[PDB]
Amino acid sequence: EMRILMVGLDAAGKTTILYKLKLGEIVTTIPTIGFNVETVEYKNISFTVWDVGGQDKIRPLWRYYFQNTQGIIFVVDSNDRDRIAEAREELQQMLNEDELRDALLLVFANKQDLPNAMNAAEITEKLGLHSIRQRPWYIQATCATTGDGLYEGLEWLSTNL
């Protein structure tokens, strides 16, 4: 019916976020070698999760698992300063996929419990979110392990959908 695509580098906290929603079992599928998909199905909504960044294995086939995406959730480890530039590049490629041009964008600046984590303002500038045109976006500072911030960010995505 409608899909929410939640993607980001490995260890960003996406699986942690799926489990905190308590909207259904997390199911892992491996449609092809090197492509692990995690899926939660709640009513008419499908939450679809996989890791981006690095080799981008089976990238040309991602379109056939993108379909009917109404909102993108980009999750970043705010403490991972080593890979923030990689997260920016991976986000930009998602923002250029034709099947996702109309999808809303929620950004979770995750792991705000860590002492040296970049704040949402810094994450906003590092991701280049203000260069996004004609697409509504929103960024929330979160701690997925406590759940802090997830409701406020998903409140924006849900009310705007």
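Residue numbers here begin at 1 and follow the sequence given.
Two stretches are in play, 133-141 and 7-15, and the higher mean C-alpha B-factor belongs to 133-141. Set 105-113 against 62-70 and average the Cα temperature factors; 62-70 ends up higher.
The PDB entry assigns the greatest CA B-factor among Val40, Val37, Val52, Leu100 to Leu100.
When the modelled residues of the chain are ordered by C-alpha B-factor, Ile123 sits in the lowest third. Per the PDB record, residue ranking by Cα B-factor puts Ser46 in the middle third of the chain. Among the modelled residues of its chain, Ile33 has a C-alpha B-factor that falls in the highest third, as given in the PDB entry.
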